[PDB]
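What follows is a short report on a single structure.
All of this is worked out from the model, or read from it or from the source named; none is laboratory data. In this analysis, Cβ positions are derived from the backbone assuming ideal geometry, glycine residues included, and neighbour counts consider all displayed protein chains.
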Amino acid sequence: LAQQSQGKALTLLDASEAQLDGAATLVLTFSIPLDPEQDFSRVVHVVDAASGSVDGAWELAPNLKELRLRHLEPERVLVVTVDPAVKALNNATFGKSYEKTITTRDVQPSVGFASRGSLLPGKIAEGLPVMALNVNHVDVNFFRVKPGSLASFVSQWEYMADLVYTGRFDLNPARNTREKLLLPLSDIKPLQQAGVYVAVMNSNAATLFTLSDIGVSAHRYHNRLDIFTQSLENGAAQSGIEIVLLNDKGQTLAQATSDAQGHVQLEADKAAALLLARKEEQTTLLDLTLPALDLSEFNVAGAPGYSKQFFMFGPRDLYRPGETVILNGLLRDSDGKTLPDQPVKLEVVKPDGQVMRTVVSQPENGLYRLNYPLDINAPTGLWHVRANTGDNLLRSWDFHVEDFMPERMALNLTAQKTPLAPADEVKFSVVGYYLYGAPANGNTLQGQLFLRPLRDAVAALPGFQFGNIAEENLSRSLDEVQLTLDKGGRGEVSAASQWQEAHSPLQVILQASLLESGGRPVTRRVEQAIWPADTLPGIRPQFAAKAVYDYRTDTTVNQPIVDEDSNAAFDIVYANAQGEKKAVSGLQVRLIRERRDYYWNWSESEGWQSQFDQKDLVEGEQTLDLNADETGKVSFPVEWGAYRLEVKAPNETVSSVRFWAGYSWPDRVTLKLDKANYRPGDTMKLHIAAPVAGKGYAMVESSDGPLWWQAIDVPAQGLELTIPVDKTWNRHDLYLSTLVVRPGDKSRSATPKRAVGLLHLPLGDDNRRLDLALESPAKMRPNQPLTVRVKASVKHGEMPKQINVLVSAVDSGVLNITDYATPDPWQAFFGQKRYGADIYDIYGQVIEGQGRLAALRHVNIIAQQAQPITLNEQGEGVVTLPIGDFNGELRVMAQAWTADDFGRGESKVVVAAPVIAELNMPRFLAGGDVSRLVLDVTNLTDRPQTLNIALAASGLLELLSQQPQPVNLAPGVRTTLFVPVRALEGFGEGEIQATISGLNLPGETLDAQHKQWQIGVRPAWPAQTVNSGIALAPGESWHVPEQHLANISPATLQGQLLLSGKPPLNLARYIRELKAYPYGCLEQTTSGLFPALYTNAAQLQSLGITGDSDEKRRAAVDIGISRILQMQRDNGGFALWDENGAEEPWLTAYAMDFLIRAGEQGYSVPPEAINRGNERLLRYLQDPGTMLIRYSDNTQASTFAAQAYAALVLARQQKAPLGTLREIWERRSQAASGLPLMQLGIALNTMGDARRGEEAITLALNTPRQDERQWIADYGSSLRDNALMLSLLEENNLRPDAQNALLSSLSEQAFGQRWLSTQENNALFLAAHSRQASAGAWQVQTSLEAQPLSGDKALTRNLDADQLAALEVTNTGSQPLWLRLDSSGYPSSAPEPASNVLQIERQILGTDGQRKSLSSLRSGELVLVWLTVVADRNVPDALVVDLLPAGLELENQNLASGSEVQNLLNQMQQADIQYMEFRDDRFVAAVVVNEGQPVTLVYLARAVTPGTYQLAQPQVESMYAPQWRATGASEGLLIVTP
């Protein structure tokens, strides 16, 4: 506002010092608010009359009248000056200069102990740190805690004593400066006597310290506690008693006395806070609630060591909404051996924490499997699969759900294929274009160049590596790329060579992103190979790469490794890019050993670091001569460690390959072992070395507790121990700990008294890994089975027995998104588990460690998993993987297991097509639309191609042009064909099939290329329906009313004829209308799900309905249940459109009702949802104030309805407090309908009080629904209420003579036709379902068949246009006949706009805000669609629908460059939008319409595919009073030009 300050000058009210936030602050207060823009420095300033300037940090309050300056040095003369300016907000300005002198006064005294104290003991323990400010002295009283009330006293602390005062310490700090001082206690004689003391002053006035000799160490486990008491003074070893206490409570949990070794063991979980160790008059305390010792610098990282190991894994961790998540599981013990068969409880968890599915997973041949179909609208984010094996230690397998947006543009980057000399510069050709056929003009290209080594430089020679792996400056970042492109699509990138010295093959990589408007770029990458010689050497090891762990990545990586002290063989070649193998003589072949000498190194910024110096030694040398077409084979003997084989040729070009001979590739206690890896029967030699000699103990332990331990005295020369390995040692979480302590409490040279050592105990085995060899071709073609041969090996011994293998194949990109590593079970079962104990200590706390190190370096996703196979006796097998289309790289993966052994295999397969064909088309089509499809064909072969393209249109789609002429494509060239098509009348899909003949390839015969695209086809106009019926007396005749035929086109005209000998109900119509409903709000989904629950296909076909093979139905119910769960709130309540939406109790009752019903029919629903739902219903019943019904007209009625429904739903479950039901029954007069009374009545009758139930029923049967149709939030009507009441009657076998009359009434009342709500349909379905109409005889003569139709049950029959156009019916029975005719089809003429209650209008603007014709639109043009809705009433259930023309596509943007446009937008920001959706063919929006308040909706849309498109009328209706409809005038057609 601030206008209220107008007319007022600017006077300074007060400049003074004041306390603010505990600090001395200079505050100026002016009369009126100032200019908040910080200009304070040249106008207002403070200057010390002695020290000059000071901090000028001028602060400004939330209030604008006060100017602040914080933190002023006390007792100083400040001169404050305000200059004539400051302006203020109303530019009133400060007249002239103002000067004021100030003295800043003194600060108030303060004293206190720096810390509340510690529990660390000392033999004398002097020095008490205190923070004193402006105080000359302090009096201190010293108490000694009574050994009796000691426990409770200390427990009062952290979560009753005598007095030994001395007091009066002389503290002389500088004036006005807080100083840190020490209170010495050495010269005090009545204090060095051991005990627990407390100092008190006269803000932390108290502190605690302890004098003692008992040094205490402790190792805690998840349910065990081991204590070691030794000497602080004379080395170590000590007896004495100790006890465990509670938090706050001084209650003793457990007690024990030290043995002759110092060791003690006590059973204790958490909630055991204070540890107390006593020996007569001596005492030492240890707080187990404080943080434990930091072991971040020790190699103690790894997975938890569970008793039962459950290895979960799959082909990937990145899925999209819609597709199915595949999960596999294997269960073993602590040493990877089989356990007795057992179930595992698996739960699916979506990002918000809510459970989506709960399955009791049973194994199948020892393999757990799970398939979770993600809903098409599933939330994006981090999902978990949560496994429970029985220990209630939840295992978690994370996986990502993400949705990817299309590209809508195309970028083409190409290079020169064949390698370049270092001198040459590198040229990349760029070609960008819009998908709809337009060239990308003036589009800015943003990329970057990179240089990398090229080791796989010859495709004709796989495995052979090239280049010196030790050559420097082969991996660096080159130039950035900014290219305006300019031309109609094309551009060029050029890279000058900074590489010359290179003796290895290189590749220069261009990675570039194409931009349309700085919104959603299209990125691509391309590489150019570079050789330092037309010919050069290549190396391929004869030995296979073995699988080994890599802690830097925590993934089991493949590495070239050979046995220690052995022979390494290699295949050498001398070759060129194309072809293979040339002649040469004098290849210099060296075996280089890479020696590394490690050493520790300390710094301030780093702490301690493990450094290492490297030296390359020549340990072998051969000389080789090669002929034409020869694979020279060399062999070098190796020993241990890292080697690399180097081959050099006379042209100074080098090629190197690194490998290993061993599978192994200061302020602490150094622990060393004689050998790496043991067995559970061997014996290990432990070398212990400490910086300073001392005493303590060594330990071998795990989780749960310790297995072995021995106290030790370590001299300053090291100490050697011998430890046996029991048979019970096989957990892989085994750690060897060591504690050493220096004798003296007081010592020079600093010296840390306590020192710790910690090492992982190797205990794995080298004969339990399945070595997997996956054999498959490096290249293949799409749409042909992928053959993968599995060959297993085990190094030592025989090829196990019955090796199970699970092979999979996934697009490498998807895997590369998440950096997904191929799962290995070996590392899962045998890998290094974490140190599962916490070390509490009394000696000085750890430094900080600084921390552990780290390492450093729409389309249908192809992702399959074959069934598990079993290898033969030789460990051989084969799997076939059907590959669909796809063009790129596949990572083939395999996990193998037996009962005891496990393994993992990787492989890579490049799927490439000789020619690629991409068909760009619109997102959908409407019947009659004419559209220009774009078919891009590109030849990827090395040869020129003459191709014959054959196109065919299937389904609701036809071609308009003649077949294409043959095309001549040069290698790498792309041609573009235009395919004009038209869509046919119908609701379905259209298919386009493309066939390419010719192609000519040497080496292959290759069948012709086939492709097929689908597109969705719907009618341009809403489906029209006509409903009529009549009663026929005997002899009476009837003919189809002309209304069923008028102005709607045949071949779209369906009919259903229902004949019955009793007042019928259109069951088929309800079912069909439910199944056809296209929107997925809660109530609609539920309502539509109800029929699929209680009706099988056998019952469906009787009503003239077919489809869904029942199992499909079950699947559909499951899907629906998921869709219901996806909208349950955190409180167990439900929402209408989304989980974050407002809560609606009635719907909660509804959805719950369906979920219980679904449970009853044998479907699976997670108990969390059921329970939270029931809790929410119970809270609806017991705490009605938690409710908040919106947009209601009678909150009482709403509340009552909700409570009644919830009452019934819980009553069905026998979970409804009767007292509450009665408490509600007393509020019956608030009921605005009979339905809640009925529901409540049933609940009462169910939970006991049958009387008040029957009363409630009888009352319901005489309580007409009453409301000026405002809302009530029950989603109801007279009709649906009557239906549901009849349903409740029929379901519980109550009043017959009433339900008969009401059934007839409902049959006749069901003529509120043409438009029913989903709720009404569901209600009517339930009423018709639970009905039993018994025997009702009828005979009839028709035009459908020569013979007469006859029956005793209501018969429904389908009719086509011909049967319906000429339908005649005549009753030939002895009794009356009820006849219903339901007709549906689409109009041959555009229907007239119509309105009722609601009004809808659509206008079309441009971005300039001016009206725009839908006939002059060019491709890529933007337009604003302006909808306006209005009504003379409050419609809280207004659903707006705007069918699109196929020429337009939506921009997904809510809230929506300037001007009058913004005047619309803002209005749209005033509308209360309950939901909004941007489909492929619709703009949908749920809104509430307020009386006399126009609702304004604007949305953005782009024109793309050129063509002539049908254009429908805007539509709006009330979802639950759908007689309130409006359609609003359309121009009829849309024209899009290129």
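Observations on the structure shown:
- In the set (1) surrounded by fewer than 15 Cβ atoms within 10 Å (Cβ to Cβ); (2) assigned to a strand (DSSP E or B), the condition left unmet by residue 102 is number (1).
- Taken over the stretch 1258-1298, the criterion of being assigned to a loop (DSSP other than H, G, I, E, B) and within 20 Å of residue 1083 (Cβ to Cβ) is satisfied by 1265, 1267, 1269, 1270, 1271, 1272, 1273, 1274, 1275, 1276, 1277.
- Any hit, the stretch 1470-1485, residues being under 28 Å from residue 377 (Cα atoms) and among the β-branched types (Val, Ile, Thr): yes
- Filtering the stretch 1330-1342 to residues that are surrounded by 15 or more Cβ atoms within 10 Å (Cβ to Cβ) and among the small types (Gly, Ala, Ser) leaves 1330, 1333, 1336.
- Of all residues in the stretch 117-157, those being hydrophobic (A, V, I, L, M, F, W, C) and either in a strand (DSSP E or B) or not assigned by CATH to the domain that holds residue 201 (or both) number 10.
- Count of residues meeting criterion [in contact with a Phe, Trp or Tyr (Cβ under 6 Å, 6 or more places away or on another chain) and closer than 20 Å to residue 739 by Cα] in the stretch 197-219: 2
- Residue, farthest from residue 78 (Cα to Cα), within the stretch 8-54, restricted to residues that are of a type in the set (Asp, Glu) and surrounded by fewer than 15 Cβ atoms within 10 Å (Cβ to Cβ): 37
- Of the residues in the stretch 374-388, at least one is in a loop (DSSP other than H, G, I, E, B), at negative phi, among the β-branched types (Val, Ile, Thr) and surrounded by fewer than 17 Cβ atoms within 10 Å (Cβ to Cβ).
- Residue within the stretch 829-838 that is outside any loop (DSSP other than H, G, I, E, B), more than 25 Å from the chain's Cα centre (by Cα) and among the basic types (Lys, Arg) present: yes
- Where a residue in the stretch 410-425 is over 23 Å from residue 942 (Cα atoms) and its partner, wherever it lies, is crowded, with 16+ Cβ neighbours inside 10 Å and of a type in the set (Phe, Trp, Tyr), with Cβ under 6 Å and at least six apart: 422/499
- Test: residue in the stretch 923-936 that is surrounded by fewer than 19 Cβ atoms within 10 Å (Cβ to Cβ), among the small types (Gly, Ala, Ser) and assigned to a loop (DSSP other than H, G, I, E, B): yes
- The condition of being outside any strand (DSSP E or B), crowded, with 21+ Cβ neighbours inside 10 Å and within 36 Å of the chain's Cα centre (by Cα) holds for only one of 1446, 1485, 1456, that being 1446.
- If you go through the stretch 282-304 and keep only what is over 31 Å from the mean Cα position of the chain (by Cα), surrounded by 14 or more Cβ atoms within 10 Å (Cβ to Cβ) and among the aliphatic types (A, V, I, L, M), you end up with 285, 286, 288, 292, 293, 295.
- When residues of the stretch 1411-1433 are limited to those that are among the basic types (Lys, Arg) and in contact with a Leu (Cβ under 8 Å, 6 or more places away or on another chain), the one surrounded by the fewest Cβ atoms within 10 Å (Cβ to Cβ): 1411
- The stretch 1072-1088 residues that are in the same structural domain as residue 1119 (by CATH), paired with ones that are surrounded by fewer than 17 Cβ atoms within 10 Å (Cβ to Cβ) (beta carbon under 6 Å, 6 or more apart): 1084/1077; 1088/1077
- Odd one out for residue 42, checked against (1) touching a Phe, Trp or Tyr at 6+ places or on another chain (Cβ under 7 Å); (2) farther than 30 Å from residue 176 by Cβ: (1)
- In the stretch 336-368, residue surrounded by the fewest Cβ atoms within 10 Å (Cβ to Cβ) [restricted to those that are touching a helix residue (DSSP H, G or I) at 6+ places or on another chain (Cβ under 8 Å) and part of a loop (DSSP other than H, G, I, E, B)]: 354
- Residue 1162, sole failed condition from (1) at negative phi; (2) surrounded by fewer than 17 Cβ atoms within 10 Å (Cβ to Cβ); (3) part of a loop (DSSP other than H, G, I, E, B); (4) of a type outside the set (S, T, N, Q): (1)
- Every pair of residues 6+ apart whose Cβ atoms lie under 8 Å, when the first sits in the stretch 354-372 and is farther than 17 Å from residue 899 by Cα while the second is among the polar types (S, T, N, Q) and part of a strand (DSSP E or B): 354/1128; 369/328; 369/361; 370/328; 370/361; 371/324; 372/324
- Among residues of the stretch 1424-1452 that are under 30 Å from residue 1193 (Cβ atoms), those with a beta-carbon under 8 Å from a residue that is polar (S, T, N, Q) and not in a strand (DSSP E or B) at least six positions away or on a different chain give the pairs 1430/1493; 1433/1270; 1434/1270; 1434/1490.
- Hey, residue 371 under 23 Å from the mean Cα position of the chain (by Cα), exposed (fewer than 15 other Cβ atoms within 10 Å of the Cβ), assigned to a strand (DSSP E or B) and not small (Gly, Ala, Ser) or not: yes
- Restricting attention to the stretch 403-425, the residues that are surrounded by fewer than 18 Cβ atoms within 10 Å (Cβ to Cβ) and on the phi < 0 side of the Ramachandran plot add up to 14.
- Test: residue in the stretch 518-528 that is surrounded by 16 or more Cβ atoms within 10 Å (Cβ to Cβ), closer than 30 Å to residue 491 by Cα, polar (S, T, N, Q) and under 41 Å from the mean Cα position of the chain (by Cα): yes
- Any hit, the stretch 713-725, residues being closer than 24 Å to residue 293 by Cα and either in contact with a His (Cβ under 9 Å, 6 or more places away or on another chain) or part of a loop (DSSP other than H, G, I, E, B) (or both): no
- Within the stretch 1392-1421, residues that are farther than 28 Å from residue 934 by Cα have Cβ atoms under 8 Å from residues that are surrounded by 17 or more Cβ atoms within 10 Å (Cβ to Cβ) and of a type in the set (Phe, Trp, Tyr) in these pairs: 1396/1524; 1397/1524; 1398/1524; 1402/1426; 1403/1426; 1405/1426, counting only partners at least 6 apart in sequence or on another chain.
Matching residues to (1) over 30 Å from residue 545 (Cβ atoms); (2) surrounded by 18 or more Cβ atoms within 10 Å (Cβ to Cβ):
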{"residue": "458", "(1), (2)": "no, yes"}
{"residue": "467", "(1), (2)": "no, yes"}
{"residue": "474", "(1), (2)": "no, yes"}
{"residue": "486", "(1), (2)": "yes, no"}
{"residue": "491", "(1), (2)": "yes, yes"}
{"residue": "499", "(1), (2)": "no, yes"}
{"residue": "508", "(1), (2)": "no, yes"}
{"residue": "516", "(1), (2)": "yes, no"}
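- Any hit, the stretch 681-696, residues being under 46 Å from the mean Cα position of the chain (by Cα) and either in the same structural domain as residue 833 (by CATH) or not in a loop (DSSP other than H, G, I, E, B) (or both): no
- Set 57, 92: member being surrounded by 15 or more Cβ atoms within 10 Å (Cβ to Cβ) and assigned to a loop (DSSP other than H, G, I, E, B): 92
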